[PDB]
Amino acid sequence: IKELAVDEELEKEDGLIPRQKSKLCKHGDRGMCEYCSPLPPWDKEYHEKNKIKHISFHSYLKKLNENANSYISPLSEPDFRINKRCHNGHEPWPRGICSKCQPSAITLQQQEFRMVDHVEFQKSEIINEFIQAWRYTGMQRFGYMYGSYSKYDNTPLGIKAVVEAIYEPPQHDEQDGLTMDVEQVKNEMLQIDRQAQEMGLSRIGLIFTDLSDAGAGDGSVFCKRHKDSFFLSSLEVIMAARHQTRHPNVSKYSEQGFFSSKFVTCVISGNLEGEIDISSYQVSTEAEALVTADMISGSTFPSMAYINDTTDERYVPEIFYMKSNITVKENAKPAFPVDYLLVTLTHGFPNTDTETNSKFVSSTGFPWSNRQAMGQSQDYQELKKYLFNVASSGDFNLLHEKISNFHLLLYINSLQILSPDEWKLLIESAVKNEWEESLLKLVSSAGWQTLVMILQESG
């Protein structure tokens, strides 16, 4: 019922692609003809010629709606789970089975559309500070990306995830790899989600490192992920599917009210030239459904998803996949390249020419959370070193720069010294385009002056 602003706006756009006028046009400036009429936003051939690997969601949505032409919602998510409430002349699964309740054979295929087209990191310092954790410790790291979604104009009806900050939960890089799907992470992130919502930020994706120094003394790294190994592993694909399912995308045009997800998955790793690069992905709605039905697992090989057994808990039908040499239909069992579950996105930073719109002025200078293993603790000393001097000075431009900082804000809020109203005021002083009036109100406020008092004597 309540869609994101970007979805309401793209819905109103027609997405028509203009075409070159042709020597064959024999109308004047009077109307169009078969040679010069515009392309619809999903034009397969326009996307191939311009190397756009998937059509956008809203280009896909408009394609489905032309093909609908009484109402039937054009979008519905796949469900592969056996119908367990079937009491149709037999006991329910696992005691009985019939054609109404068992899932039919599944055919997996590369998804022609992607929910999000592009990942824009608002400043490259956001990426560099995140990578510092690997530079200092040698451990791979993961964080959750906060931001929002808006229009992307390099592809018809495109959407981009605009990343404003990265938050790292508690993690250790040990015998189980990176561990995101654990209670400790989930309960801390619920708190962060709540506080970053108060900053006008959503949790929009996941980023993690797979970095290995190449031994060349030039900062270069090994290329581990590429077309002849794997892009994301099976286990990472399964994790993206759970994340997407837990970050559902709201859509009027789906019977359930939800359709797939705008949550994006980025990996920082070496490219074929040995440079540290970013690769961005989402998984298909088939992958979401497979993982909801608990049908796949990690396999010996990173590029291969393993297909699970029918049990008394889950029923697994035949599963095929459309492989391209031109295509052909293969049996997906016992394992299949998890590639077919991915969609790929582009990524970038805004050009440095124009004015910035980043919510936060700085992304570094104050310790990020959960970097004790890096010698970065969030202390009353560290906050005093960061803030107290500048706060006493009475320089508003400098005070604005220092508090316009995601992890600084979250840390101050955790101290629970400012009131909820005063916390709103600090937030406004940090992210607002017109922040002066808010910063004044805040600095004269009671909670704020208590905080400056606490730092003063904290020493």
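Just count from 1 along the sequence shown to find any residue number.
The stretch of deposited sequence separating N433 from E434 contains no residues lacking coordinates in this entry. Coordinates are absent for 1 to 3 residues of the deposited sequence placed between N325 and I326. Look at the C-alpha B-factors of 354 to 362 and of 240 to 248. On average they run higher in 354 to 362. For the segment pair 343 to 351 and 101 to 109, the entry gives 101 to 109 the higher mean B-factor, averaged over Cα atoms. Within the listed group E313, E273, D176, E198, the record reports its top CA B-factor for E313. Ranking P38, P41, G394, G31 by Cα temperature factor from the entry places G394 first. Sort the chain's modelled residues by C-alpha temperature factor and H54 lands in the lowest third, per the entry.
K424 sits in the highest third of its chain by CA B factor, as recorded in the PDB entry.
In the PDB entry, a CA B factor belonging to the lowest third of its chain's modelled residues is recorded for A287. In the PDB entry, a CA B factor belonging to the highest third of its chain's modelled residues is recorded for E330. Compared with the other modelled residues of the chain, the Cα B-factor recorded for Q171 ranks in the middle third.
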